[PDB]
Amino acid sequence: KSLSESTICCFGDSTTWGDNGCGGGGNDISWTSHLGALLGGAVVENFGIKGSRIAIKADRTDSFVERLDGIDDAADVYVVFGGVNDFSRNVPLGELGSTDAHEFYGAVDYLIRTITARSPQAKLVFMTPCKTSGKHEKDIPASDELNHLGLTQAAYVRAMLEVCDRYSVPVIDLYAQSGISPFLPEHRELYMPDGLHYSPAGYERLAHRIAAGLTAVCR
């Protein structure tokens, strides 16, 4: 049950699938492709889907809530990394205690309960969604801008942290500490070409930060 002997299921959005900014790239450039070796030989599975919100919304059918039952249930560690699309595509926040999987609070609650039900011995770690400088041609706000509900990304991050706290879930706070900033021009150029996704070099750098984070909370 050490990390080097573990199978790690990475459940995420474009930033797990490996989008390089243009809808291209893919799993072979994602941080998931680097992580196993950084952890001494873990087997890493990529369950990232572009465009996916944590919460259900009527305009799509591929939310994390909807996808969960179809991902591997037999892994040793689950790493859940999402929420930037909930912010950018106006998922209602709700309140702590929600069980509506159309609200962000309720969707995070559903994921933790349901991962635990289907994978009762696995470790579960959430990673807060990374910042973005926005992609307005796709109507995606920057992290510090308001979405159409009048919320910033920080409200979604706080909600995730509060639900994780309820269930004592370890968190790697990539929102606050990924070490790659889309607000810095050199990091846009090298690591985050569209201010939201990652280049191959950006995903390699992110993999190192994620490895350190996982080692810090799992043994």
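Residues carry their position along the shown sequence, with the first being 1.
*Asks:* I need to verify one thing: averaged over C-alpha atoms only, is the B-factor higher for 136-144 or for 74-82?
*Replies:* Stretch with the greater average CA B-factor: 136-144.
*Asks:* With respect to the recorded C-alpha B factors, which stretch has the higher mean value, 152-160 or 54-62?
*Replies:* Between 152-160 and 54-62, it is 54-62.
*Asks:* Name the one of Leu39, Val169, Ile180, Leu174 with the greatest CA B-factor according to the PDB entry.
*Replies:* Among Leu39, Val169, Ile180, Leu174, the highest C-alpha B-factor in the entry belongs to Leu39.
*Asks:* Per the entry's values, where does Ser98 land by CA temperature factor relative to the rest of its chain, in the lowest, middle or highest third?
*Replies:* Within its chain, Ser98 is a middle-third residue by C-alpha B-factor, going by the deposited values.
*Asks:* Quick check for you: using the entry's CA B-factors within this chain, is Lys131 in the lowest, middle or highest third?
*Replies:* CA B-factor rank for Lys131: lowest third.
*Asks:* Consider only the C-alpha atoms of the modelled residues in this chain, order them by B-factor as the entry records it, and name the third containing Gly23: lowest, middle or highest.
*Replies:* According to the entry, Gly23 has a C-alpha B-factor in the chain's highest third.
*Asks:* Compared with the other modelled residues in the chain, in which third is the CA B-factor of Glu186?
*Replies:* Middle third - that is where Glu186 ends up once the chain's C-alpha B-factors are sorted.
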